[PDB]
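In: just dropping in an experimental structure and the matching sequence.
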Amino acid sequence: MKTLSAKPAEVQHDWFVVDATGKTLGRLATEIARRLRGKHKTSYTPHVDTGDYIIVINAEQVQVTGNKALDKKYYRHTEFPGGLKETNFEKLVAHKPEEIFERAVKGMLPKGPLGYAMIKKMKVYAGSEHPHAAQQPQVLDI
Amino acid sequence: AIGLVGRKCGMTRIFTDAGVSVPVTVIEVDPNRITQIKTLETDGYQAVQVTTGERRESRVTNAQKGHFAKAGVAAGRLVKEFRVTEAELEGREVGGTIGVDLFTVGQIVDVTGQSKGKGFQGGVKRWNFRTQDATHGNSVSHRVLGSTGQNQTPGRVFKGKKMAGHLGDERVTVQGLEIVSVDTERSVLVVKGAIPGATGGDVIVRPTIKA
Amino acid sequence: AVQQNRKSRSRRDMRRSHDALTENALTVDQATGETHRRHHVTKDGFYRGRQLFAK
RNA sequence: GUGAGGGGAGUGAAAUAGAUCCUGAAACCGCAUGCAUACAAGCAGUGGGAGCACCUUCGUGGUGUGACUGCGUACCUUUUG
RNA sequence: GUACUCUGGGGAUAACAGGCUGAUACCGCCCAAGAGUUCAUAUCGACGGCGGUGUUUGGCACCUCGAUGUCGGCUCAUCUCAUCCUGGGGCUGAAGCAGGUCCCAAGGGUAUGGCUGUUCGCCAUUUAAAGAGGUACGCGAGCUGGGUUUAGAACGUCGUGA
RNA sequence: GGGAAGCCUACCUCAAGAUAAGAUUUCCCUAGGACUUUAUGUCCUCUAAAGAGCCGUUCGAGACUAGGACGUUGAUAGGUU
Ligand SMILES: [Mg+2]
Ligand SMILES: [Mg+2]
Ligand SMILES: [Mg+2]
Ligand SMILES: [Mg+2]
Ligand SMILES: [Mg+2]
Ligand SMILES: [Mg+2]
Ligand SMILES: [Mg+2]
Ligand SMILES: [Mg+2]
Ligand SMILES: [Mg+2]
């Protein structure tokens, strides 16, 4: 009984800003998911969301190593008999970087209602400016 | 593309000087009244919203009354938008009138309308299926669909299978019709060919997009 | 064709949830002051200031 | 409806002992209260667990519901299985 | 002897379909005498070797005999490329019009009849072409029942006879 | 850098349940109390707005639905000419 769990009403979330220019996608995604689930806080509980809000700036400036700029392929399938769409990483990050980051972070998050609630705490913007200026976010290293 | 909203009046023929009979369709056009102009800074796109027809004051709500009073025009029976560019927006201010003089004789256009509804229809009429034999021991199955798919692989019906259902009563656009002539004193446009919809329906005439 | 398993009472009630009834349009007559179906003749024979079956 | 049926009065220790008549259970079917439930996938439970509603010998208590979460593919026979 | 049959039982045990395997079959690759011709590794190619898929014929008996009920035809489709046409190229005994080999390419299209139950095959006439396959050799709680495989009768062979 | 009926656009239709539920124009609702657990608190008194629906005459809309037009300020349906 002595081991207590975090009260969902007493959890506070604080806003952070991460700059994604010239950073590797995998390491940044792992760090974002770790700070988004709440593993850094001492009151961490597996069934309560205690993460923080993360805003990503300069989403199109993310980089991948090797030849993954042209070989990394993203597949989607509409349940129609011939609807298998395939796209490349280059064009995708050219016109929709938010999908790239959302995929990368959702792949490393739990699958369920709690994961769906955790994924909403992440904002991704292509430009260098974000509308969440009223929440007073603090700059984060990485 | 600036267009017109007219009403199909029926079909007729027109004899040329050489004697060739040209099947034509008549579209009566009440002079459209420009209601609103949408620019980039306030809405994100440039367009012209017009209205046409006549409606009694009992059927027009207070919101539409205020909208038309702000526009300074009389209430029409319907309202339609047209996506235009800034080049086509010259001399297009609210309260104006888009007459039938927009088109010229010999122009290629596109006509959009609402097809006639046939109701719940079967496969033969909807997807041009083939009927089975009516004799040689054939059973009650005469105009049925037939087979549906494979048995165990995949073991289900694929999405998009052609089956019986509702037919007609849908937006249809026919391109490539030549305006055989326009009459301004009667405010009508007679155009070669057939257009979708029955007599009395609303149709939209626009300049061709393939030219 | 016939079912392979029973249908629980929950699914039965969920299907029956569209079987609710509805009321009719009843109004008070201006002349007789009695409740009657709208646009219908009163049971005594009166409708819209007129009287059928004169007694 | 001079019907069936029911509500009063009365008899009776007792009328949910009223003639479909001792006691009268389960499957099955209604009504009322309390909680949960209309963006989230599977033998429907189990170990945790916030909140809500009534009780109090007012608690590191009781009674109901229980969002969120880890794990988890019924029973019997016959078989190498 | 039972095809006039019946009972108790089995996927402990066969015929159809699935699974494992790839002897057989299909395709690809390496070396290469020789050949059309007197030479061009332009084009085939003996004697030998190494692999790939699971479309043929086979092997094994793991699911099904207290039932997975069909050879072909009709209607309706979906997928692969080992590409029939249309598209883009390299080489050539490519003057041009044409032909041959190989590479890329699956968007679309990809016949009507005669003879047989036919799948297949033969024939007549068209087209740019009348491709090869998988999906319980697709589809029979969608249709047909012409063939096979119940009960009747006859011929040919065998049996004294059933 | 050039480069194909291949891919993305381009053509037609659907599409904010896109729970990420978007945008634009206009219209409507501005009273008096009591109590408690002082909270978008609970009971009273006084008005029911803009609109939607029920109903009726009907359709080139339609299985039932849904959708379009009209309801004395009316040509919506029948009749008459
Ligand atoms: Mg036919
Ligand atoms: Mg499946
Ligand atoms: Mg969602
Ligand atoms: Mg919910
Ligand atoms: Mg429990
Ligand atoms: Mg064995
Ligand atoms: Mg190829
Ligand atoms: Mg070719
Ligand atoms: Mg079946």
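Out: In hand now; what should we look at? Residues are numbered from 1 along each chain as shown, chains lettered A, B, ... in the order given. Ligands and ions are numbered 1, 2, ... in the order given.
In: and the end-to-end length of stretch B:57-65?
Out: Its first and final residues considered, stretch B:57-65 spans 9 Å by CA to CA, to the nearest Å.
In: any idea how far that stretch is from the chain center?
Out: Relative to its chain's centre, stretch B:57-65 lies at 26 Å (CA atoms, centre = their mean, to the nearest Å).
In: and the contacts of that stretch?
Out: B:68, B:75 (CB atoms under 8 Å, 6 or more residues apart in numbering or on different chains). C-beta here means a position set from N, CA and C on the backbone, and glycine is covered the same way.
In: quick one, what contacts residue A:109?
Out: Contacts of residue A:109 (CB under 8 Å, 6+ apart): A:33, A:36-37, A:115, A:118-119.
In: now it. Nearest residue, chain neighbours left out?
Out: In space, and not counting its chain neighbours, residue A:109 is closest to residue A:115: 4.7 Å by CB to CB, 6 or more residues apart in numbering or on different chains.
In: my guess is residue B:108 meets residue B:206, correct?
Out: No - applying CB atoms under 8 Å, one finds residue B:108 not in contact with residue B:206, separated by 10.8 Å.
In: quick check on the residue sitting furthest away from the middle of chain B: phi, psi?
Out: For chain B, the residue at maximal distance from the C-alpha centroid (CA atoms, centre = their mean) is residue B:137, at 47.4 Å. Torsion angles at residue B:137 (phi, psi; degrees, to the nearest 10) stand at phi 80, psi 10.
In: how about the residue of chain C found nearest chain A, secondary structure?
Out: Closest approach between chain C and chain A, counting by CB to the nearest CB: residue C:10, at 22.6 Å. Recorded secondary structure, residue C:10: helix (DSSP: H, G, I helix; E, B strand; the rest coil).
In: that one: how many residues sit nearby?
Out: A total of 8 residues lie near residue C:10 under the criterion other CB atoms under 10 Å in any protein chain shown.
In: what do you get for the one 10 residues further on?
Out: The burial count assigned to residue C:20 is 6, neighbours taken as other CB under 10 Å.
In: hang on, it in a helix?
Out: No - with three-state DSSP as the criterion, residue C:20 is assigned coil and is not in a helix.
In: chain C: strands as residue ranges?
Out: Along chain C, counting by DSSP state E, strands occupy C:26-28, C:35-37, C:46-47, C:50-51.
In: and those strands as JSON lines, adding distance to RNA strand D?
Out: Putting the strands of chain C into JSON lines (distance: least, CB to the nearest atom of the strand, whole Å) gives the following:
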{"stretch": "strand C:26-28", "distance to RNA strand D": "22"}
{"stretch": "strand C:35-37", "distance to RNA strand D": "20"}
{"stretch": "strand C:46-47", "distance to RNA strand D": "23"}
{"stretch": "strand C:50-51", "distance to RNA strand D": "26"}
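In: quick one, which of these is nearest to residue A:63?
Out: Closest to residue A:63 of the strands of chain C is strand C:26-28 (CB to CB; 75.0 Å).
In: for the closest one, packing partners?
Out: Strand C:26-28 sits against strand C:35-37, with contacts defined as 3 or more CB pairs under 8 Å, 6 or more residues apart in numbering or on different chains; DSSP states H and E.
In: does any part of the strand it packs on sit near RNA strand F?
Out: No - Strand C:35-37 does not reach RNA strand F (CB under 7 Å from any atom of the strand); its nearest approach is 7.9 Å.
In: which residue, other than its chain neighbours, is closest to residue B:101?
Out: Counting by CB to CB, 6+ apart, the residue nearest residue B:101 is residue B:184, at 6.3 Å.
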